[PDB]
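Participant: So I pulled this structure from the PDB, and the sequence comes with it:
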Amino acid sequence: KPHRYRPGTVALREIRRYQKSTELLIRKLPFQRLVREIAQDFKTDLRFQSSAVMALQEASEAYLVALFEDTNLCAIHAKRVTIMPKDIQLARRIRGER
Amino acid sequence: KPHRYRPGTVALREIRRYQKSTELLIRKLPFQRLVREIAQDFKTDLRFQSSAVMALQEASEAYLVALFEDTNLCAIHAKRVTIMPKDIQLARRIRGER
Amino acid sequence: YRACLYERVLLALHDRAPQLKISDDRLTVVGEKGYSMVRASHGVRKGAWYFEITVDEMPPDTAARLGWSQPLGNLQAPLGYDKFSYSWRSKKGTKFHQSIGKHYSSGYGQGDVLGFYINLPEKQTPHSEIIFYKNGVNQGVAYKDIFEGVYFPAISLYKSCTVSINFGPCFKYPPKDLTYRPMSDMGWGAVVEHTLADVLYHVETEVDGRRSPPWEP
Amino acid sequence: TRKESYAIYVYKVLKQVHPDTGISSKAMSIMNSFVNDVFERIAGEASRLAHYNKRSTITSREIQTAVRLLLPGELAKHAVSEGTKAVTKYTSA
Amino acid sequence: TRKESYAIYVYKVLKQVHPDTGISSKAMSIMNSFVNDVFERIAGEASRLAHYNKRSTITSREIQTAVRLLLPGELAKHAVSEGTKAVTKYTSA
Amino acid sequence: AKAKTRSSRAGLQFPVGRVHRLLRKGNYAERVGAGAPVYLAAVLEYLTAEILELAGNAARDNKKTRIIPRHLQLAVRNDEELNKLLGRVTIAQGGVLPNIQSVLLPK
Amino acid sequence: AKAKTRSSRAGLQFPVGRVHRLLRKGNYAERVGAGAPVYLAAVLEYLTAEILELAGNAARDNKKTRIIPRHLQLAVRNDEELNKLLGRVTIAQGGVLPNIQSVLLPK
Amino acid sequence: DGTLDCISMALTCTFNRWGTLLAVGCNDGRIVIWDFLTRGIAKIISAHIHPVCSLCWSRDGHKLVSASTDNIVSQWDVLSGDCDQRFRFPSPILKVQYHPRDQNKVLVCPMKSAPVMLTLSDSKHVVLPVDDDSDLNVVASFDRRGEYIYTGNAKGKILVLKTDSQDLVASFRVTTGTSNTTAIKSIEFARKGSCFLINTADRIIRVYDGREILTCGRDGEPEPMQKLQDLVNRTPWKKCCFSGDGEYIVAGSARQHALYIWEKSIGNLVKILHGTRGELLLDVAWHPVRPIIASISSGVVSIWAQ
Amino acid sequence: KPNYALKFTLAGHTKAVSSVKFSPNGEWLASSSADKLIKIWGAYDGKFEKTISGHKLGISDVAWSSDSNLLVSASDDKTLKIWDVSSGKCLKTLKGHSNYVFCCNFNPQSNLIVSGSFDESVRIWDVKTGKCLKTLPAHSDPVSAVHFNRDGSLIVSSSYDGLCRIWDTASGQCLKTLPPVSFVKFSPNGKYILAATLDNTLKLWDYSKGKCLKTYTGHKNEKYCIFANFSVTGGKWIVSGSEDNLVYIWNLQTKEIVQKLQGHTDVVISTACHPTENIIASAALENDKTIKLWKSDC
Amino acid sequence: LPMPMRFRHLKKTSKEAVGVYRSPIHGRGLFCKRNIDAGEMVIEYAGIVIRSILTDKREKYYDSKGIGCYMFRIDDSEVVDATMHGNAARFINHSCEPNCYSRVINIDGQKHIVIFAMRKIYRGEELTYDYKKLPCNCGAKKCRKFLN
Amino acid sequence: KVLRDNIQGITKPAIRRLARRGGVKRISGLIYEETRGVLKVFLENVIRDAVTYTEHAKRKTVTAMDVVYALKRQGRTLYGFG
Amino acid sequence: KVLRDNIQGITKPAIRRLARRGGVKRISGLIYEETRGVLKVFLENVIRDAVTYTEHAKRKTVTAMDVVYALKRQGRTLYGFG
DNA sequence: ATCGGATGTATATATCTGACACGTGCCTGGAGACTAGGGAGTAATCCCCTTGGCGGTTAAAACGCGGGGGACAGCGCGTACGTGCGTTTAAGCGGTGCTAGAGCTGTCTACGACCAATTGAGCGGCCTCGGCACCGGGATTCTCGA
DNA sequence: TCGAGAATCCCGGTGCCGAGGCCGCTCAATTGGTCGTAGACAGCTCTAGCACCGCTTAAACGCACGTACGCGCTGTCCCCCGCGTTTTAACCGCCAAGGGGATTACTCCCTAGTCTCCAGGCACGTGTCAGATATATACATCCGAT
């Protein structure tokens, strides 16, 4: 008979190993393309350092995991294990991002 | 027969008039005594400007109503009209106050 | 209402050329290229009156012109280029009208505080005349032939000329006539007259009927 | 002891915008403090940038750049225009 | 281009605290950036307080006061004591 | 020796000379751009104009000639750009803009 | 006259000469106090000692000689006062210190 | 009968008002405006990165509306090639169509949503009504003068609205003969007169006269002017079109890459044109004032004169 | 700008002329008047063709057939009358309007008639049987002018109550509702509508927009039903009469007066533009009783 | 741009720039049909240019005919009377908050009263200026409640 | 003159007044003292930092500009006090 | 070379990976695009401000120190890049 | 869902006033004019990082696919919280009075500023080699059905 | 709940390049005068703070009490986790062109610095009305009976 772990369990271990790991979790090229797309909005044909864009993606992902973290916390205060967009919105609200 | 307004209603009007009013809502002397009590902790027998302490109390109360405000908002995301201490704690958490 | 942005009867900013600069420290007028013309706030229609021009700067390449001009006076022209303007050239006292210069006049000085007297009646206007004074001293009659139509005191600038108009209550050498009126007096007279003009026009359009006293005044 | 302020200037611009509307001294000092704060904002930012440029001189281009950094969108745009106007009016002196 | 850093002194004080340890050059750069951050922080705060004191001279009293403003509790206390001992040592000769 | 201040030379109000002396005494750069004070003061003029204008809007919205700091708070809270500019800033006698959440109303 | 570094007379490791250079080049005051760079550099050395010590603790706990940024981030989120000093700071290759919530646990 | 080597990835073409220029879309998402007289390309426009599947000229000919496969519609000046306006929607666009008597207005048939009529002056939009509320596939077209809108659903229902009010001015459902509906593949009109055609899933083209639908009223039984099909092969029709005058009708058998030509009044087959048996027929158009016919198949355009 | 000059002066109606219309072929000019008489005249030489009588009261309007073979006459006798223009025979007499019939017009296919009367109701009539097929309480005041669109799908109606109402033909549906409007008609392209109001003002409205596009003033019209026509055979103009004995011609686009034809002594009561030539028939009221042909070169 | 060139452009674009429709202000009024920028020429109040002394004789004349006076003072000497002969500018309502403003220009020696835009006016907007007891219904929050 | 326990000098009516100003309808008791704590903690910083300024100011009285520069350094700047 | 729609280039697996790093168990779909938006908005500032630096830098390439000073000015400073 | 009554709130009025607009005489920072240096600007050169493309891989993403797990809706109750009314209480006005300490001026002096002469601490650059990263494989431990 | 199985931990071995150590090679640090000056300090005010004390009262605390949201539990739906498969394009490695970045060397425009003079700003008086406050009033809105 096929076995399937209970829900979250696999995701739980994923959480554990991700707090274990430290490297990026975003594919480089898509992020870079997104950055250049954003750039051409303000000015077209602008070049970048690989170090620069690595910094961009690292700092972003840091802000992003922080947002995910405190939104997780808020959802704890929301007594749910599922996340709700309003949690993120109000988190930014408390983060003065509104 | 005696009349009693339904709950919140009186408090609702209080909210309305307080957003209407702008002056302080803290008695001066108790706040001042608290400030001087806090002061003697770091150094005893220190004097103050009435303007200085007025600034202290105004800025405090501002921070305080901001905290009450966004904690109200969070409690909205908590789907409750009653406030919970965890709301304030996690609000400070998002406010980076932890 | 025709409310005028002025504490006293001054050189109206509404009737200056775009190349005409003013300094309200002395309400002097100045220009940069060629000639231009500015006028006061008030305008005479009858009676005799009087004002002055004070000159604060007259280099050799600086020649102001000072006099009177009726409406139709192109404020870019040098105050006398048309037949509706009569002025004096501030190099030598020379009466300029129809762009024609006439030496039927006295001599002008660089620091002249010049008085300007002019009488229009209530095809020359009957018994109307213009008299020019240097610091009150009679420089003489300038123009006896005066055409109809309201006139106003005007100043023409050449390249960087500094002159200013001035009323009566702060005068230096005033005539002691009891009939002539300073600039301020005719100024508030015309202001009140145009107030009544607004009154009467709003009456006409707003309420049926009009009525005015025994005509003479 | 002479204590400088800008109540004269804030009142001037008030009249220039609202000759009718008055002003309270409390809100006056509020305005003064605020403009001091934002001026220090722009000063620190421009100095930081020039230090990044390692340029010991602080010019108007720095100011434009740093206010663009400071202001939310269109304000800056509007802002810079008048600023340019100013220097033009002053360069045309 | 002659670029200046502190990783050598990082290695020095490391050996002073941990002789048998290596570092990632990445981590060294991170630490150096941190050095720069705390330096600019303390310098700006000191200049600002001196401005409040209208002082044009930034001295060790300013240093200690600004550190106390910045560092918390025993961090600040130990740092104050250390700076005090060091300036005492330097002033001793 | 004709005198004319740089503010008049810019036809503006904020004191270019005063602000220049201020930035000089502010210890930010060794030399300065002479037009930078003009430019910055013009920017200040602009932003001050907008904020005081909104303040007066609220004021005569409340039949108030002399503007109150509450007008200031309301103004700075209404405009998105200015609020963003002064989000973490506090205002004396500011109070809170009118704001009631949806579920707060009884049904 | 032999030239010894002022940090030697201070008995410290960071170059106080470079310090005072950045100070004068930093446009903070018209003239820097003599012992002020000394004091601040001493503070800097002390705090660096603290952070590097915490990092070595973490790395040896992880049985690691070469100390990777992860160790430092963990120590950062392990020191409360240092965290307070640096909670507003982001950390490259930092990740997140292991934090598990209660209701997250299974049963 | 004559092809063009200078254009590649031909996907969709459209004659100008006078049949002098031809704007063809390419897989790269480029507009190639090719001229008939000089027999050369007149313009190249970087329209989209996505191929263009819908192209229409303006009446003055100075504007072309283009639809990418990225659900990106854009208006371009033919002289300059600039993107005059650009919009995006859900349910990727199936077709665009300038209003013939008001180039400011343009109807758009999306994939899953109802056709919407927008204007260029104001970026507004009017969602046209849907009879059955569950078609999810309705083709729509202006009439010859742009006075009415003909909308046909996948369920054979045909609504005639007025272009200004979107009010139902006529209605009827086409039949498969017995009792069944058929997916309305396309609605075409004549640039001259009032005869129009419908391509349906039954592989049977139905020619009507719009006046007869208008006088038929709502929910009536209007018979076609003509019924046209390949009684021999029973071939579907990827694309059909009238002649410039409106007395000849052509159908493109993409099944066997052929072209059938019937008349209007009699309806007898004029002729058949056979293309490369290996080519997949995609697009079909007729010269508006010439017996010239443009075909797009396997990215290659062919010309058929008479 | 036009240079219309008087070429032929026409007269003979014993009473006030109420309408003059060019035949669609431009061969004849039909002139109706309150004298119960219609007068067909030569459209190019001013030659009086004939007089057609039979109406019992004054005639307020007359309209040609598209084939230039029939003429509908709306008279104050509450009756319409359809006549063969070639024989002058009263082919039909339309009864059913309860009061004075003021306007009448054929459908673009000439097989149907629209009629407005003082009864403030618009009647819709057969031609081949002359039978009233519809009747609509259109306005709250006597109808001034009714007219068909380019195809006969829409009927525009004006009346003294100041309303300009577009109605569906097949159903009588009051499609749209846009100053006492004395005249109204569709544009040649059916896209616009020209309506005269009794305040010296003409208004061209967009139908698809329902808003006035252009306005035309300078003339005088405040009491009488002064007609307006589109001058198209030469330049695009708007020609109308005026209560100042003038024949006003404005530019169509710029709305500016492009000509003023004088020579009429009474109010120029009716106007007609030639369908093919640059010819304009201007008929004045009883103090003139004359119709004048004007020919320009553009 | 030259006031003559600008005036030619204005007289060319006036017929398609503005319209007249039913107005919630009052009756019929001038609405914007294409976004009008600030300070640009909106419309001439074109009409009969007369001298001032002839105003009353005309006015009383209209007073004898029951026809409303459409006159605007060019200056102390001239007036554009549009009562009998005018343009669409006779349908510009007034607002205490105008997006437009009247100015007199001199083209080749003759004066023209042109309403320009006080601000960037957008399509659909009703055009109003400051005419400078009649109750007002302009809808502005600053409305004087009365033109007079 | 040794002070104490002025923290509870903050009245629950005052707290609920501030809450109503913040637009709050229903409140629990557990908040107030908690609230108070935060309050304390909050001011816990500024005064010290403030007197720190006064520390370097070498003065016995504490001024507003102290808390001004504190809130500035605390990123919570305030206006209206010079 | 005009770019577009790289925002959806952010994979939902990537988003959930970041969430798991943040210690999240159950997630809804409605988040991701929302997330993306925020992401965009977030970077919406910095790059501009960054190139603003590059603006004053009078250069065509964009450097790390740009975003360094941005995050600094954005109060989100980062280490390890000079 | 309405009406009646209670109550709370927006308004006009009157006057009081004290902030506040306004004007002064006097001060000094700002303007005006003049001199120097040297930061900044420009240009030619080098480098060299970047941006571009090309091919092979698969781990990763897309997509599908149950399906148990919880989001959520509802439903009972009950305890905690608004409220209005009691009670008592410090809060505020205000005005008094002392001076400790800010807050100012006048020295005088140590103290960097600064420059010049000197150089070795430090930094770019070059080997080098060993913890470290990867890999494969074996043993351990969680987990889901008994 | 005791196994099966699966993901993981750890162990040994392989190969590597960054961490590090050392080497030329300065310029920036030190040293030592030298000088004008920031402020350290003394020594005055005066005032704002600090405390005193009384008087009034709005305010605060507590009570009782209804009540209604918080909370706890149930059942449902759906839906997101987990795994399997299929597709792809990130990556990675390499190559190549140039275009910008950084550099240096001149060159000089502009600003710092100085000195002069005064005029706008500032402290300081001075009437004076915007609005604060109180009162009676008219309007809005809740709450309960119907």
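Facilitator: Arrived safely. Numbering: from 1, shown residues only, chains lettered A, B, ... in the order given.
Participant: SS state for residue F:103?
Facilitator: helix (DSSP: H, G, I helix; E, B strand; the rest coil).
Participant: One more: residue F:46?
Facilitator: helix.
Participant: Okay, it and chain E: tell me how far apart.
Facilitator: Computed as Cβ to the nearest Cβ, to the nearest Å, the residue F:46 to chain E distance reads 27 Å. All C-beta spots, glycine's among them, are computed from the backbone N, C-alpha and C.
Participant: cool, residue H:24 as well?
Facilitator: 55 Å.
Participant: Who are the contact partners of the residue of chain I at minimum distance from chain F?
Facilitator: Nearest residue of chain I to chain F (Cβ to the nearest Cβ) works out as residue I:211 at 34.6 Å. By Cβ atoms under 8 Å, 6 or more residues apart in numbering or on different chains, the contact set of residue I:211 is I:205, J:19, J:21.
Participant: Tell me which of those residues fall in helices.
Facilitator: Among those, no member is found in helices (DSSP state H).
Participant: would you turn the residues you listed into a markdown table with distance to residue E:14?
Facilitator: Formatted as a markdown table, the contacts of residue I:211 follow (distance: Cβ to Cβ, whole Å):
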| residue | distance to residue E:14 |
| --- | --- |
| I:205 | 88 |
| J:19 | 81 |
| J:21 | 82 |
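Participant: Grab the nearest non-local neighbour of the most centrally placed residue in chain I.
Facilitator: Chain I has residue I:227 as the residue nearest its centroid, 5.8 Å off, counting by Cα atoms, centre = their mean. Leaving aside its chain neighbours, residue I:227 sits nearest to residue I:271 (4.7 Å; criterion: Cβ to Cβ, 6 or more residues apart in numbering or on different chains).
Participant: in the host helix or strand of the one you found, what's buried?
Facilitator: In the assignment (DSSP states H and E), residue I:271 maps to strand I:268-273. Residues of strand I:268-273 classed as buried: I:268, I:269, I:270, I:271, I:272, I:273 (neighbour count, 16 or more other Cβ atoms under 10 Å in any protein chain shown).
Participant: can you pull out the strands in chain J?
Facilitator: J:18-22, J:28-32, J:41-44, J:47-51, J:71-73, J:78-86, J:93-94, J:100-107, J:110-117, J:128-129 (DSSP state E).
Participant: Nearest approach to DNA strand M belongs to which of these?
Facilitator: With respect to DNA strand M, and counting by Cβ to the nearest atom of the strand, the nearest of the strands of chain J is strand J:93-94 at 26.6 Å.
Participant: need the contact list for residue 25.
Facilitator: Defaulting to chain A. A:18, A:61, L:14, L:17, L:18, L:21.
Participant: To clarify, I was referring to chain J.
Facilitator: Per Cβ under 8 Å, 6+ apart, neighbours of residue J:25: J:93, J:95, J:126, J:128, J:137, J:138, J:139.
Participant: Compile those residues into a markdown table and extend it with columns for distance to residue C:126.
Facilitator: Shown next, in a markdown table, are the contacts of residue J:25 (distance: Cβ to Cβ, whole Å):
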| residue | distance to residue C:126 |
| --- | --- |
| J:93 | 49 |
| J:95 | 50 |
| J:126 | 54 |
| J:128 | 49 |
| J:137 | 54 |
| J:138 | 51 |
| J:139 | 57 |
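Participant: Relative to chain H, which of the residues you listed is nearest.
Facilitator: Distances from chain H to the contacts of residue J:25, taken by Cβ to the nearest Cβ, are shortest for residue J:126, at 17.2 Å.
Participant: Pretty sure that closest one sits against residue J:26.
Facilitator: No. Under the criterion of Cβ atoms under 8 Å, residue J:126 makes no contact with residue J:26, lying 10.4 Å away.
Participant: Need the overlap of contacts for these two.
Facilitator: With Cβ under 8 Å, 6+ apart, residue J:126 and residue J:26 have common neighbours residue J:93.
Participant: Check the gap between the residue of chain J most remote from its centre and chain G for me.
Facilitator: Largest separation from the mean C-alpha position in chain J: residue J:64, at 25.0 Å (Cα atoms, centre = their mean). Distance from residue J:64 to chain G, counting by Cβ to the nearest Cβ: 84 Å.
Participant: What residue in chain F comes nearest to chain K?
Facilitator: residue F:92 (4.0 Å).
Participant: okay, now the nearest residue in space to that residue that is not next to it in sequence: neighbour count?
Facilitator: Leaving aside its chain neighbours, residue F:92 sits nearest to residue K:80 (4.0 Å; criterion: Cβ to Cβ, 6+ apart). Applying other Cβ atoms under 10 Å in any protein chain shown, we find 27 residues neighbouring residue K:80.
Participant: can I get the strands of chain J in JSON lines with mean neighbour count and distance to residue I:263?
Facilitator: Shown next, in JSON lines, are the strands of chain J (neighbours: other Cβ atoms under 10 Å in any protein chain shown; distance: least, Cβ to Cβ, whole Å):
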{"stretch": "strand J:18-22", "mean neighbour count": "20", "distance to residue I:263": "33"}
{"stretch": "strand J:28-32", "mean neighbour count": "20", "distance to residue I:263": "34"}
{"stretch": "strand J:41-44", "mean neighbour count": "24", "distance to residue I:263": "32"}
{"stretch": "strand J:47-51", "mean neighbour count": "16", "distance to residue I:263": "24"}
{"stretch": "strand J:71-73", "mean neighbour count": "18", "distance to residue I:263": "31"}
{"stretch": "strand J:78-86", "mean neighbour count": "20", "distance to residue I:263": "21"}
{"stretch": "strand J:93-94", "mean neighbour count": "22", "distance to residue I:263": "40"}
{"stretch": "strand J:100-107", "mean neighbour count": "16", "distance to residue I:263": "35"}
{"stretch": "strand J:110-117", "mean neighbour count": "20", "distance to residue I:263": "31"}
{"stretch": "strand J:128-129", "mean neighbour count": "24", "distance to residue I:263": "42"}
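Participant: okay if I get those strands as JSON lines plus distance to chain K?
Facilitator: Converted to JSON lines, the strands of chain J look like this (distance: least, Cβ to the nearest Cβ, whole Å):
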{"stretch": "strand J:18-22", "distance to chain K": "44"}
{"stretch": "strand J:28-32", "distance to chain K": "42"}
{"stretch": "strand J:41-44", "distance to chain K": "43"}
{"stretch": "strand J:47-51", "distance to chain K": "56"}
{"stretch": "strand J:71-73", "distance to chain K": "50"}
{"stretch": "strand J:78-86", "distance to chain K": "54"}
{"stretch": "strand J:93-94", "distance to chain K": "42"}
{"stretch": "strand J:100-107", "distance to chain K": "38"}
{"stretch": "strand J:110-117", "distance to chain K": "38"}
{"stretch": "strand J:128-129", "distance to chain K": "40"}
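Participant: Nearest to chain G, out of those strands?
Facilitator: Comparison of the strands of chain J against chain G by Cβ to the nearest Cβ identifies strand J:110-117 as nearest, at 49.5 Å.
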